[PDB]
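Asks: I am sharing coords-v3.cif, which consists of mmCIF, N, CA and C atoms:
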```
data_run
loop_
_atom_site.label_atom_id
_atom_site.label_comp_id
_atom_site.auth_asym_id
_atom_site.auth_seq_id
_atom_site.Cartn_x
_atom_site.Cartn_y
_atom_site.Cartn_z
N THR A 155 78.56 17.49 27.20
CA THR A 155 79.37 18.38 26.37
C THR A 155 79.39 17.91 24.92
N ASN A 156 78.20 17.61 24.38
CA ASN A 156 78.06 16.91 23.10
C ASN A 156 78.84 15.60 23.11
N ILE A 157 78.83 14.93 24.26
CA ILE A 157 79.27 13.55 24.45
C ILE A 157 78.10 12.76 25.01
N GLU A 158 76.89 13.18 24.65
CA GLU A 158 75.64 12.60 25.12
C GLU A 158 75.02 11.59 24.16
N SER A 159 75.60 11.40 22.97
CA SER A 159 75.09 10.38 22.06
C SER A 159 75.48 8.97 22.52
N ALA A 160 74.64 7.98 22.15
CA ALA A 160 74.75 6.61 22.64
C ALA A 160 74.60 5.56 21.54
N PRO A 161 75.59 4.69 21.35
CA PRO A 161 75.44 3.55 20.44
C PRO A 161 74.62 2.42 21.05
N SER A 162 74.32 1.41 20.22
CA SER A 162 73.55 0.24 20.64
C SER A 162 74.20 -1.05 20.18
N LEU A 163 74.11 -2.08 21.03
CA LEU A 163 74.75 -3.38 20.81
C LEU A 163 73.78 -4.49 20.40
N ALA A 164 72.47 -4.27 20.52
CA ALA A 164 71.50 -5.29 20.15
C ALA A 164 71.44 -5.51 18.64
N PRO A 165 71.17 -6.74 18.19
CA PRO A 165 71.02 -7.00 16.75
C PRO A 165 69.76 -6.36 16.20
N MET A 166 69.92 -5.59 15.12
CA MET A 166 68.81 -4.86 14.52
C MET A 166 67.98 -5.74 13.59
N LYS A 167 66.68 -5.45 13.55
CA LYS A 167 65.76 -6.10 12.62
C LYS A 167 65.98 -5.62 11.19
N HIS A 168 65.52 -6.43 10.23
CA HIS A 168 65.73 -6.19 8.81
C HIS A 168 64.40 -5.83 8.15
N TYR A 169 64.36 -4.67 7.48
CA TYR A 169 63.17 -4.18 6.80
C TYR A 169 63.45 -3.93 5.32
N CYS A 170 62.41 -4.13 4.51
CA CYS A 170 62.47 -3.90 3.07
C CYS A 170 62.76 -2.43 2.75
N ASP A 171 63.81 -2.19 1.97
CA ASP A 171 64.19 -0.83 1.63
C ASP A 171 63.12 -0.12 0.81
N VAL A 172 62.29 -0.86 0.08
CA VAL A 172 61.25 -0.24 -0.73
C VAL A 172 59.95 -0.06 0.05
N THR A 173 59.33 -1.16 0.46
CA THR A 173 58.03 -1.10 1.12
C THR A 173 58.11 -1.00 2.64
N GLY A 174 59.29 -1.14 3.24
CA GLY A 174 59.40 -1.08 4.68
C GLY A 174 58.88 -2.28 5.44
N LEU A 175 58.13 -3.17 4.78
CA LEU A 175 57.78 -4.46 5.35
C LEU A 175 59.03 -5.24 5.73
N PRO A 176 58.90 -6.25 6.60
CA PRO A 176 60.07 -7.04 6.98
C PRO A 176 60.72 -7.71 5.78
N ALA A 177 62.04 -7.84 5.84
CA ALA A 177 62.81 -8.37 4.72
C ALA A 177 63.60 -9.60 5.12
N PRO A 178 63.21 -10.79 4.67
CA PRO A 178 64.06 -11.97 4.86
C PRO A 178 65.35 -11.93 4.05
N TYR A 179 65.39 -11.14 2.97
CA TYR A 179 66.38 -11.28 1.91
C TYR A 179 67.18 -10.00 1.75
N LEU A 180 68.49 -10.16 1.56
CA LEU A 180 69.38 -9.09 1.12
C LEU A 180 69.89 -9.45 -0.27
N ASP A 181 69.62 -8.59 -1.24
CA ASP A 181 70.10 -8.78 -2.60
C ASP A 181 71.61 -8.61 -2.66
N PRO A 182 72.37 -9.62 -3.09
CA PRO A 182 73.83 -9.48 -3.15
C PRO A 182 74.30 -8.46 -4.18
N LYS A 183 73.51 -8.18 -5.21
CA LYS A 183 73.97 -7.32 -6.30
C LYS A 183 73.85 -5.85 -5.93
N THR A 184 72.63 -5.39 -5.64
CA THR A 184 72.38 -3.99 -5.35
C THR A 184 72.40 -3.69 -3.85
N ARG A 185 72.43 -4.72 -3.01
CA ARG A 185 72.45 -4.63 -1.55
C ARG A 185 71.22 -3.96 -0.97
N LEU A 186 70.13 -3.88 -1.72
CA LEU A 186 68.85 -3.50 -1.13
C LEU A 186 68.23 -4.69 -0.42
N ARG A 187 67.66 -4.44 0.75
CA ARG A 187 66.83 -5.41 1.44
C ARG A 187 65.41 -5.36 0.88
N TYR A 188 64.80 -6.53 0.70
CA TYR A 188 63.52 -6.61 0.02
C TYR A 188 62.63 -7.69 0.62
N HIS A 189 61.32 -7.49 0.43
CA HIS A 189 60.30 -8.31 1.08
C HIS A 189 60.07 -9.63 0.35
N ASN A 190 59.94 -9.58 -0.98
CA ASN A 190 59.48 -10.74 -1.73
C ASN A 190 59.97 -10.65 -3.17
N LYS A 191 59.57 -11.64 -3.98
CA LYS A 191 59.97 -11.70 -5.38
C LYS A 191 59.41 -10.54 -6.21
N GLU A 192 58.22 -10.04 -5.87
CA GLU A 192 57.68 -8.90 -6.60
C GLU A 192 58.56 -7.66 -6.45
N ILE A 193 59.06 -7.42 -5.24
CA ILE A 193 59.93 -6.27 -5.00
C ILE A 193 61.34 -6.51 -5.54
N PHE A 194 61.82 -7.75 -5.52
CA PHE A 194 63.08 -8.07 -6.19
C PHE A 194 63.02 -7.76 -7.68
N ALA A 195 61.89 -8.04 -8.32
CA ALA A 195 61.72 -7.72 -9.74
C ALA A 195 61.85 -6.22 -10.00
N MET A 196 61.12 -5.40 -9.24
CA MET A 196 61.29 -3.95 -9.28
C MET A 196 62.74 -3.53 -9.02
N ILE A 197 63.34 -4.04 -7.95
CA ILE A 197 64.67 -3.58 -7.55
C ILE A 197 65.70 -3.81 -8.65
N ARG A 198 65.65 -4.97 -9.30
CA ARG A 198 66.55 -5.22 -10.42
C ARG A 198 66.19 -4.42 -11.67
N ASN A 199 64.96 -3.94 -11.80
CA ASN A 199 64.55 -3.10 -12.92
C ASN A 199 64.73 -1.60 -12.69
N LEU A 200 65.17 -1.19 -11.50
CA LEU A 200 65.25 0.23 -11.19
C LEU A 200 66.17 0.98 -12.16
N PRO A 201 65.85 2.25 -12.43
CA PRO A 201 66.83 3.14 -13.07
C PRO A 201 68.12 3.21 -12.27
N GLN A 202 69.24 3.28 -12.99
CA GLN A 202 70.55 3.01 -12.40
C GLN A 202 70.85 3.91 -11.21
N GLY A 203 70.36 5.15 -11.22
CA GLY A 203 70.55 6.03 -10.07
C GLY A 203 69.67 5.74 -8.88
N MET A 204 68.58 5.00 -9.06
CA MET A 204 67.59 4.84 -7.99
C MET A 204 68.07 3.93 -6.86
N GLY A 205 68.87 2.92 -7.17
CA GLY A 205 69.32 2.00 -6.13
C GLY A 205 70.08 2.68 -5.00
N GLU A 206 70.94 3.63 -5.35
CA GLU A 206 71.67 4.41 -4.35
C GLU A 206 70.76 5.31 -3.51
N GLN A 207 69.61 5.71 -4.04
CA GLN A 207 68.66 6.48 -3.23
C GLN A 207 67.97 5.63 -2.16
N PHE A 208 67.62 4.38 -2.48
CA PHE A 208 67.03 3.52 -1.46
C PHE A 208 68.02 3.21 -0.34
N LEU A 209 69.28 2.99 -0.68
CA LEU A 209 70.32 2.89 0.35
C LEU A 209 70.42 4.17 1.18
N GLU A 210 70.50 5.32 0.51
CA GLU A 210 70.72 6.59 1.19
C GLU A 210 69.57 7.00 2.10
N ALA A 211 68.34 6.55 1.82
CA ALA A 211 67.23 6.82 2.73
C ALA A 211 67.42 6.21 4.11
N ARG A 212 68.29 5.21 4.25
CA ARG A 212 68.71 4.71 5.55
C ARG A 212 70.19 4.97 5.81
N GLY A 213 70.73 6.03 5.21
CA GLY A 213 72.10 6.44 5.40
C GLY A 213 73.15 5.51 4.84
N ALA A 214 72.76 4.47 4.12
CA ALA A 214 73.72 3.57 3.50
C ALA A 214 74.11 4.07 2.11
N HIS A 215 75.27 3.63 1.65
CA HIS A 215 75.71 3.91 0.29
C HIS A 215 76.55 2.73 -0.20
N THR A 216 76.59 2.55 -1.52
CA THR A 216 77.34 1.44 -2.08
C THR A 216 78.85 1.68 -2.07
N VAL A 217 79.28 2.94 -2.09
CA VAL A 217 80.69 3.26 -1.96
C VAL A 217 80.87 4.66 -1.37
N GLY B 199 63.09 -28.81 40.44
CA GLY B 199 64.38 -28.76 39.78
C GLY B 199 64.37 -29.15 38.32
N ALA B 200 63.19 -29.32 37.73
CA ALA B 200 63.06 -29.57 36.31
C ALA B 200 63.27 -28.27 35.55
N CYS B 201 63.98 -28.35 34.42
CA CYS B 201 64.08 -27.19 33.55
C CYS B 201 64.25 -27.59 32.09
N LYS B 202 63.79 -26.70 31.21
CA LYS B 202 63.73 -26.92 29.78
C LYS B 202 64.17 -25.64 29.08
N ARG B 203 64.98 -25.78 28.03
CA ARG B 203 65.23 -24.69 27.08
C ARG B 203 64.07 -24.60 26.09
N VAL B 204 63.24 -23.56 26.23
CA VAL B 204 62.12 -23.40 25.31
C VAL B 204 62.61 -23.01 23.92
N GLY B 205 63.70 -22.25 23.85
CA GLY B 205 64.27 -21.88 22.57
C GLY B 205 65.24 -20.72 22.72
N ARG B 206 65.47 -20.04 21.60
CA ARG B 206 66.19 -18.78 21.55
C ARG B 206 65.19 -17.64 21.39
N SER B 207 65.38 -16.55 22.13
CA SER B 207 64.46 -15.43 22.00
C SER B 207 64.60 -14.76 20.64
N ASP B 208 63.46 -14.47 20.00
CA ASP B 208 63.45 -13.91 18.65
C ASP B 208 63.92 -12.45 18.58
N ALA B 209 64.14 -11.80 19.72
CA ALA B 209 64.95 -10.58 19.76
C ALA B 209 66.34 -10.79 19.18
N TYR B 210 66.85 -12.02 19.20
CA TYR B 210 68.13 -12.35 18.58
C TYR B 210 67.98 -12.98 17.20
N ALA B 211 66.77 -12.98 16.63
CA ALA B 211 66.52 -13.67 15.37
C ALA B 211 67.39 -13.17 14.22
N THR B 212 67.93 -11.96 14.31
CA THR B 212 68.82 -11.43 13.27
C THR B 212 70.26 -11.33 13.75
N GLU B 213 70.61 -12.08 14.80
CA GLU B 213 72.01 -12.24 15.19
C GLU B 213 72.84 -12.80 14.04
N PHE B 214 72.23 -13.62 13.19
CA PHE B 214 72.79 -14.03 11.91
C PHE B 214 71.65 -14.06 10.90
N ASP B 215 72.00 -14.19 9.62
CA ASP B 215 70.95 -14.34 8.63
C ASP B 215 70.50 -15.78 8.49
N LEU B 216 71.41 -16.74 8.63
CA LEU B 216 71.06 -18.14 8.84
C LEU B 216 71.82 -18.69 10.03
N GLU B 217 71.10 -19.29 10.98
CA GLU B 217 71.71 -20.20 11.92
C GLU B 217 70.76 -21.36 12.19
N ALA B 218 71.34 -22.53 12.45
CA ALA B 218 70.58 -23.70 12.90
C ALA B 218 70.10 -23.46 14.33
N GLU B 219 69.03 -22.69 14.45
CA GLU B 219 68.53 -22.28 15.75
C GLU B 219 67.03 -22.06 15.65
N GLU B 220 66.33 -22.25 16.76
CA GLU B 220 64.89 -22.09 16.83
C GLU B 220 64.56 -20.86 17.66
N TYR B 221 63.93 -19.88 17.03
CA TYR B 221 63.66 -18.59 17.65
C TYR B 221 62.20 -18.50 18.06
N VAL B 222 61.96 -18.12 19.31
CA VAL B 222 60.63 -18.11 19.91
C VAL B 222 60.35 -16.73 20.49
N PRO B 223 59.10 -16.27 20.50
CA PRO B 223 58.79 -14.99 21.14
C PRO B 223 59.11 -15.03 22.63
N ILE B 224 59.41 -13.86 23.18
CA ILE B 224 59.55 -13.72 24.64
C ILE B 224 58.24 -14.12 25.31
N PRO B 225 58.27 -14.78 26.47
CA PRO B 225 57.03 -15.04 27.22
C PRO B 225 56.31 -13.75 27.57
N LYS B 226 55.01 -13.71 27.28
CA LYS B 226 54.24 -12.48 27.38
C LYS B 226 53.42 -12.37 28.66
N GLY B 227 53.34 -13.42 29.47
CA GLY B 227 52.72 -13.34 30.78
C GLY B 227 53.71 -13.01 31.88
N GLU B 228 53.30 -13.29 33.11
CA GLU B 228 54.20 -13.14 34.25
C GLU B 228 55.38 -14.09 34.15
N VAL B 229 56.56 -13.60 34.56
CA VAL B 229 57.73 -14.46 34.61
C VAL B 229 57.57 -15.55 35.67
N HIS B 230 56.83 -15.27 36.74
CA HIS B 230 56.55 -16.22 37.80
C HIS B 230 55.09 -16.64 37.75
N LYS B 231 54.84 -17.95 37.83
CA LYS B 231 53.50 -18.47 38.07
C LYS B 231 53.53 -19.49 39.19
N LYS B 232 52.51 -19.45 40.04
CA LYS B 232 52.28 -20.47 41.05
C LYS B 232 50.96 -21.16 40.73
N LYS B 233 50.99 -22.48 40.59
CA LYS B 233 49.78 -23.26 40.44
C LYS B 233 49.92 -24.57 41.20
N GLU B 234 48.79 -25.04 41.73
CA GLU B 234 48.74 -26.22 42.58
C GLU B 234 48.17 -27.39 41.78
N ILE B 235 48.94 -28.48 41.71
CA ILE B 235 48.57 -29.67 40.95
C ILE B 235 48.41 -30.81 41.94
N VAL B 236 47.22 -31.40 41.97
CA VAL B 236 46.96 -32.63 42.71
C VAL B 236 47.49 -33.82 41.89
N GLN B 237 48.70 -34.25 42.23
CA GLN B 237 49.35 -35.37 41.57
C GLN B 237 48.84 -36.69 42.12
N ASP B 238 48.59 -37.64 41.22
CA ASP B 238 48.26 -39.01 41.59
C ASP B 238 49.37 -39.94 41.12
N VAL B 239 49.86 -40.79 42.03
CA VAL B 239 50.61 -41.98 41.66
C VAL B 239 49.93 -43.23 42.21
N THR B 240 50.56 -44.38 42.01
CA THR B 240 50.11 -45.65 42.55
C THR B 240 51.30 -46.33 43.22
N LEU B 241 51.00 -47.31 44.07
CA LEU B 241 52.05 -48.10 44.71
C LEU B 241 52.89 -48.87 43.70
N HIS B 242 52.32 -49.24 42.55
CA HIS B 242 53.11 -49.89 41.51
C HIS B 242 54.12 -48.93 40.88
N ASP B 243 53.73 -47.67 40.67
CA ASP B 243 54.68 -46.66 40.23
C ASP B 243 55.88 -46.55 41.17
N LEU B 244 55.64 -46.62 42.47
CA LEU B 244 56.73 -46.61 43.43
C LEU B 244 57.58 -47.88 43.35
N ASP B 245 56.95 -49.04 43.16
CA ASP B 245 57.71 -50.26 42.88
C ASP B 245 58.66 -50.09 41.71
N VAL B 246 58.12 -49.67 40.56
CA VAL B 246 58.91 -49.62 39.32
C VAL B 246 60.06 -48.63 39.46
N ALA B 247 59.77 -47.44 40.00
CA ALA B 247 60.82 -46.45 40.22
C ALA B 247 61.92 -46.96 41.15
N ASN B 248 61.58 -47.78 42.14
CA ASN B 248 62.56 -48.26 43.10
C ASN B 248 63.23 -49.56 42.68
N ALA B 249 62.61 -50.31 41.77
CA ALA B 249 63.19 -51.57 41.33
C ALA B 249 64.39 -51.36 40.42
N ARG B 250 64.36 -50.34 39.57
CA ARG B 250 65.42 -50.14 38.59
C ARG B 250 65.50 -48.67 38.23
N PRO B 251 66.67 -48.18 37.82
CA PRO B 251 66.75 -46.84 37.23
C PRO B 251 65.81 -46.70 36.04
N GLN B 252 65.07 -45.59 36.02
CA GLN B 252 64.02 -45.37 35.04
C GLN B 252 64.31 -44.12 34.22
N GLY B 253 63.82 -44.13 32.98
CA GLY B 253 63.96 -43.00 32.09
C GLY B 253 65.41 -42.63 31.83
N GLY B 254 65.68 -41.33 31.88
CA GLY B 254 67.01 -40.80 31.62
C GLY B 254 68.10 -41.29 32.55
N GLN B 255 67.75 -41.96 33.64
CA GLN B 255 68.78 -42.62 34.44
C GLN B 255 69.45 -43.77 33.70
N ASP B 256 68.74 -44.43 32.79
CA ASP B 256 69.25 -45.63 32.12
C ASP B 256 69.25 -45.40 30.61
N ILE B 257 70.34 -44.84 30.10
CA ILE B 257 70.45 -44.56 28.67
C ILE B 257 70.83 -45.81 27.89
N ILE B 258 71.67 -46.67 28.48
CA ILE B 258 72.11 -47.91 27.85
C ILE B 258 70.95 -48.85 27.54
N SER B 259 69.78 -48.62 28.14
CA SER B 259 68.54 -49.26 27.69
C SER B 259 68.32 -49.15 26.18
N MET B 260 68.89 -48.12 25.54
CA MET B 260 68.75 -47.98 24.09
C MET B 260 69.33 -49.16 23.32
N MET B 261 70.18 -49.98 23.94
CA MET B 261 70.74 -51.14 23.25
C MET B 261 69.72 -52.26 23.06
N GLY B 262 68.65 -52.29 23.85
CA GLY B 262 67.75 -53.42 23.83
C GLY B 262 68.41 -54.70 24.34
N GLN B 263 67.85 -55.83 23.90
CA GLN B 263 68.30 -57.15 24.34
C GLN B 263 68.36 -57.25 25.86
N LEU B 264 69.54 -57.55 26.40
CA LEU B 264 69.71 -57.64 27.85
C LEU B 264 69.37 -56.32 28.55
#
```
Produce structure tokens that represent the structure in this file.

Replies:
Amino acid sequence: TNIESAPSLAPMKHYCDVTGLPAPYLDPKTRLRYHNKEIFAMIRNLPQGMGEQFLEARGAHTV
Amino acid sequence: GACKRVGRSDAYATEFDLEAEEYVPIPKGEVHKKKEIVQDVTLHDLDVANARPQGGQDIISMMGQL
């Protein structure tokens, strides 16, 4: 009766919000997950509206 | 009756972002294996094992001296 959806309890893997490659790192400032220093450089250089789009592509938002 | 902790399964590798833990892949073969090993000992090995507690039976051996 639309009570057929199911949550999950397993710990989820971490992927880079930009390249989708695995992400060891979560940026404390913009909260984007990122693969390496090259992508961290881009992420900190993004246009101010773009950071919220990378979050929103995985349904996340900063506020 | 021998057993060993090989590690923590890497399915849990993101249970935290840092933990003092060693994460290993799940075993990819059969969970059960049977293999036959022709073990060799000697009568001296039986002497030594029976003369005194050996290995992990005698931890105070770490003191040396007596």

Asks: Give one line per residue of chain A that approaches chain B to at most 7 Å, naming the two atoms of the closest pair and their distance in Å to one decimal, counting only C-alpha atoms; sort by chain then ascending residue number and deliver it as a tab-separated table.

Replies:
```
residue	atom	partner	partner_atom	distance
A:165	CA	B:213	CA	5.6
A:166	CA	B:212	CA	6.7
A:167	CA	B:212	CA	6.2
```

Asks: Atom CA of residue A:212 and atom CA of residue A:155 are how many Å apart?

Replies: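 Separation of atom CA of residue A:212 and atom CA of residue A:155: 27.1 Å.
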
Asks: Name the residues of chain B that come out as alpha helix (DSSP H) in a backbone DSSP run; write them as a list in words.

Replies: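 DSSP on the backbone gives alpha helix (DSSP H) at residues 241, 242, 243, 244, 245, 246, 247, 248 and 249 of chain B.
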
Asks: Quick one, how far is atom C of residue B:234 from atom CA of residue B:254?

Replies: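 Those two atoms sit 25.3 Å apart.
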
Asks: Can you list, as a short mmCIF file (atom, residue, chain, number, x, y, z; two decimals) with N, CA and C atoms, keeping the file's coordinate frame, all residues belonging to stretch 157-217 of chain A that DSSP tags as strand (DSSP E)?

Replies:
```cif
data_model
loop_
_atom_site.label_atom_id
_atom_site.label_comp_id
_atom_site.auth_asym_id
_atom_site.auth_seq_id
_atom_site.Cartn_x
_atom_site.Cartn_y
_atom_site.Cartn_z
N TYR A 179 65.39 -11.14 2.97
CA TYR A 179 66.38 -11.28 1.91
C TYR A 179 67.18 -10.00 1.75
N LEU A 180 68.49 -10.16 1.56
CA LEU A 180 69.38 -9.09 1.12
C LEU A 180 69.89 -9.45 -0.27
N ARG A 187 67.66 -4.44 0.75
CA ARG A 187 66.83 -5.41 1.44
C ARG A 187 65.41 -5.36 0.88
N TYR A 188 64.80 -6.53 0.70
CA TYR A 188 63.52 -6.61 0.02
C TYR A 188 62.63 -7.69 0.62
#
```

Asks: If we count only C-alpha atoms, what is near stretch 171-180 of chain A at a cut-off of 6 Å, once residues fewer than 6 positions away on the same chain are taken out, given as a ChimeraX atom specification?

Replies: /A:187-189
